[PDB]
Amino acid sequence: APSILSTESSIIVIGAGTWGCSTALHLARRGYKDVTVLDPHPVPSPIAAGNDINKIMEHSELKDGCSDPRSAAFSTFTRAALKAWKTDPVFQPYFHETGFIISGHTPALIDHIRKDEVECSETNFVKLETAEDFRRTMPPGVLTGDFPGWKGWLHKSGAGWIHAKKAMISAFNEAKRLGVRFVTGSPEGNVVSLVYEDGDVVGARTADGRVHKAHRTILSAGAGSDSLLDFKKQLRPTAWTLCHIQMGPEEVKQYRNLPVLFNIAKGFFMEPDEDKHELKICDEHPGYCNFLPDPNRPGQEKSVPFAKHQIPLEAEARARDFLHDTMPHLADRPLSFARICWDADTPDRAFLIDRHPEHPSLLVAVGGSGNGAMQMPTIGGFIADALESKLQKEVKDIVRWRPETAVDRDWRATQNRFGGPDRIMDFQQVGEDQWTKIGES
Ligand SMILES: Cc1cc2nc3c(=O)[nH]c(=O)nc-3n(C[C@H](O)[C@H](O)[C@H](O)COP(=O)(O)OP(=O)(O)OC[C@H]3O[C@@H](n4cnc5c(N)ncnc54)[C@H](O)[C@@H]3O)c2cc1C
C-alpha cells in the first residue's frame with residue numbers, strides 16, 4: 001500500500017528534539033536526500049526534555065537469570081548508545097564517563113536496589129556503607145553531608161553524564177551540514193495535525209495552515225506527540241523537576257569529574273556546567289501529570305503538558321532536602337534557574353518505535369519513559385531501521401505498537417519510581433502562588 005521507500009523518498013520528521021535530531025542525522029548519513037524536520041521552536045527547543053545541561057548515561061550487562069525480553073531490549077539500546085558516546089565524533093565530546101552511584105536511605109529502598117539492581121548486573125560495584133564512604137567518591141569540599149541512613153553502590157565505568165543540550169545541537173548542526181532542512185518556529189513548524197488520505201498519513205499540517213506532504217512521516221515530538229495521534233493510552237505525558245544553583249568561581253574547581261550521585265527516593269545532582277557553573281539538582285518522585293478532561297473520551301482524564309521556567313515550591317524543598325543530606329553547605333543557596341520538563345511513559349516504560357498498523361507511511365518514535373536522552377547517539381539508527389523495516393529482533397517486539405497493554409490504563413500508577421509523596425502528582429492541584437519565583441520581583 002505505501003509508496004516504495006527509497007533515499008529519494010521525501011521524509012518529514014515531526015519534532016527536532018532528542019530523538020528527532022538523532023533521526024535526522026542518521027537519515028542524512030544513510031543518504032536520504034529529502035528530509036524536512038518541523039518544530040514550533042528553534043533548536044534547542046525550550047520544551048525538549050533533551051534540552052538540559054546534563055543527563056545520566058548508564059549501561060549494565062544483566063546476569064542471565066535477570067534478562068527478560070524487555071530488559072534485554074533496553075540493554076541492547078544502551079549497549080549501542082554507550083559505544084557511540086565513546087566514538088561518534090558528533091557525540092563523543094559530550095560524554096563524561098565519571099561513574100554512577102545508586103543509593104537509598106531506608107532498609108526497604110536499599111534492599112530493593114540490592115536485589116533488583118545490583119545482584120542482577122554483571123557490573124562490579126564498590127559498596128558504600130558509611131557517610132565517609134560516600135564523601136570519598138568525590139574531591140574534598142564537594143560532599144560534606146552525613147548521609148543519614150544511606151547505603152549505595154558505585155559503578156565506575158560504562159556510566160556517567162552527557163551534555164544533552166550541546167549533543168543535540170551538535171546532531172542538529174551536522175544534520176544540517178549534510179543537507180537536512182529544518183523548519184523550526186511558530187506557526188511555521190508548529191504541527192497541529194497529521195494529514196490523512198486513503199486512510200494513510202501523507203504528511204503534516206502546521207498552525208499557519210500549510211500542508212507538508214511526504215512519502216513517510218515520522219512522529220517524534222516527545223510528550224507533545226500525544227496530541228497529534230490517538231496513541232490509545234500508550235503515552236502518559238509526565239513531568240519532572242530540576243533547579244540550578246550557581247557556583248562561585250573558586251569553589252566550582254573542586255566539582256570536577258564527579259560520578260552521578262543518585263538516591264532513588266530523593267534525587268540526584270550532576271557537576272556544574274562549564275559555561276555557567278550551574279549545579280543541577282533533580283528531586284526524585286513518580287512525576288507530575290496535568291490531568292484535564294480527555295476531549296475524545298467522555299468522563300476520562302488525559303495529561304496535557306505545559307511549559308514553565310519555575311518548579312513547585314514543594315519540589316524545591318525536596319531538592320534542598322537532598323542537598324541537606326549530601327552537601328549541606330549548598331542547601332540554602334538561592335536557585336539561579338528551574339523548570340519542569342516533560343517526557344512520556346509507556347505502560348511498561350519500554351520505547352515505542354514502530355510503523356502504525358493502520359497507516360503504514362507513519363512511523364511513531366515516542367515513549368522515552370525517563371530514559372530517552374542517553375539514547376541520543378544511536379536512537380535515530382534504530383528509528384531509521386524501523387522506517388526501513390529492519391528494526392533488529394532483540395528490540396522490535398518490545399517497542400512495537402501495543403495498545404492492548406494500555407486498555408483501562410491507570411494514570412496514577414507510580415511505575416517503579418519513588419520519592420516525594422510516593423504517588424503521581426497533579427499540576428491542577430498546585431496553587432498558582434505555590435511555584436518558585438526566580439527572576440521575579
Ligand atoms: C527531569 C528529567 C530528567 C531526565 N533525565 C534523564 C537521564 O538522566 N538519562 C536519560 O536517558 N533520560 C532522561 N530523561 C528522559 C529524556 O529527557 C527523554 O526521554 C528524551 O529527551 C525524550 O526525547 P524526545 O525526542 O522523545 O522528546 P524531546 O527531547 O522533548 O523533543 C521533542 C521535540 O518535539 C517538539 N515538538 C513538540 N511539539 C510539537 C508539534 N505540535 N509539532 C512539532 N514539533 C513538536 C518539541 O519542541 C521538542 O523539540 C529525563 C527527563 C526529565 C523530564
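Phi angles across the range 99-104 convert, under the Karplus curve 6.51 cos²θ - 1.76 cosθ + 1.60 with θ = phi - 60°, into 3J(HN,Hα) values of x, 8, 10, 10, 8, x Hz, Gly and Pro given as x. Relative to the dominant Cα principal axis of the chain, helix 313-326 is inclined by about 50°. Between the helical axis of 164-177 and the longest alpha-carbon principal axis of the chain there is an angle of about 30 degrees.
Taking the chain, the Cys residues with no second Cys beta-carbon under 4.7 angstrom are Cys21, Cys243, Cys282, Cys289, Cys341.
Here the chain is assigned +1 on the Cβ of each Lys and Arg and -1 on the Cβ of each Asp and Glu. Its dipole about the Cα centre then comes out at about 900 debye.
When each of the peptides 215-222, 238-245, 311-318 is scored by the mean number of other C-beta atoms lying within 10 Å of its residues, the order from highest to lowest reads 215-222, 238-245, 311-318.
Inter-label distance, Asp408 to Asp116: 2.3 nm, where each label sits 7 Å from its Cα along the C-beta direction.
How do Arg205, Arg177 rank when sorted from fewest to most other Cβ atoms within 10 Å of their own Cβ?
Placing the least packed residue first, the sequence is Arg177, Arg205.
Along its principal axes, the chain has C-alpha extents of 65, 48, 44 angstrom, given from the largest down.
Neighbour counts of C-beta atoms inside 10 Å place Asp408, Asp88, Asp230, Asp343 in the sequence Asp408, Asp230, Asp88, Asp343, starting with the fewest.
Pairs from the table (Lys176/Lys393; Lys156/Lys393; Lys83/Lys393) lying more than 25 angstrom apart at Cα are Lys176/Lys393; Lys156/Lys393. Stretching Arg29 away from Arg297 to a fully extended chain increases their span by 92.3 nm, per 0.36 nm per residue minus the current alpha-carbon distance. Relative to the longest principal axis of the Cα atoms of the chain, the long axis of helix 107-116 lies at roughly 50 degrees. The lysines within cross-link reach of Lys115, meaning a Cα-to-Cα straight distance under 17 Å and a gap of 8 or more places when in the same chain, are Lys63, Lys127, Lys151.
Spacing of the modelled spin labels on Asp198 and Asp348, each 7 Å from Cα toward Cβ, amounts to 3.4 nm. Close amide-amide hydrogen proximity is noted between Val192 and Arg205, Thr206, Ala207, each under 5 Å apart and 5 or more residues distant or on a separate chain (H modeled in the peptide plane; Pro and chain starts excluded). Computed extension gain for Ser157 through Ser336, at 0.36 nm per residue and net of the alpha carbon distance, reaches 61.3 nm.
Efficiency by 1/(1 + (r/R0)^6): what FRET value for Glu274 and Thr76, r their Cβ-Cβ distance, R0 = 25 Å, to the nearest 0.05?
Working: r = 32 Å, r/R0 = 1.28.
Result of the calculation: an efficiency of 0.20.
With only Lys, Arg, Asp and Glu charged, each at its Cβ (+1 for the first two, -1 for the last two), find how big the charge dipole of the range 143-212 is about the Cα centre; round to the nearest 20 debye.
Dipole about the Cα centre, nearest 20: 500 debye.
Backbone phi angles across the range 343-358, fed through the Karplus curve with coefficients 6.51, -1.76 and 1.60 (θ = phi - 60°), yield HN-Hα couplings of 9, 9, 8, 7, x, 10, 6, 8, 5, 10, 9, 5, 6, 7, x, 10 Hz in residue order; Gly and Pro are listed as x. The simple Förster model, with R0 at 30 Å and r as the Cβ-Cβ distance, assigns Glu132 and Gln246 a FRET efficiency of 0.55.
What the phi angles of the range 126-143 give under the Karplus curve with 6.51, -1.76 and 1.60, with θ = phi - 60°, is a coupling list of 9, 7, 10, 9, 10, 4, 4, 4, 4, 4, 6, 6, 9, x, x, x, 8, 8 Hz, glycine and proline written as x. Taking amide hydrogens as placed 1.01 Å from N in the peptide plane, the amide H of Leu292 sits under 5 Å from those of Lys302, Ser303, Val304, each at least 5 positions away in sequence or on another chain. Eigen-decomposition of the gyration tensor built on the alpha-carbon atoms of the range 175-309 gives equivalent ellipsoid semi-axes of 38, 23, 13 angstrom, largest listed first. Estimated from helices alone, the mean residue ellipticity of the chain at 222 nm is -6000 deg cm²/dmol (sum of -39500 (n - 2.57) over DSSP H runs with n ≥ 4, per residue).
Overall, the range 242-330 carries a charge dipole of about 240 debye about its Cα centre when +1 sits on the Cβ of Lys and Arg and -1 on the Cβ of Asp and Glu, all other atoms neutral. Note on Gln429 and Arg177: the model spin-label points, each 7 Å out from Cα along the C-beta direction, lie 5.0 nm apart. Here the chain carries DSSP beta bridges of which approximately 70% are antiparallel, counting only pairs with both residues inside.
A cut-off of 5 Å between modelled amide H atoms, ignoring neighbours fewer than 5 places along the same chain, links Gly267 with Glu284. Rounded to 0.05, the FRET efficiency of the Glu358 and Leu313 pair, given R0 = 35 Å and the Cβ-Cβ distance, is 0.20.
Cβ atoms come from the backbone with ideal geometry, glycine included; neighbour counts cover every protein chain shown. Only the coordinates and a few stated rules stand behind these numbers; no lab work does.
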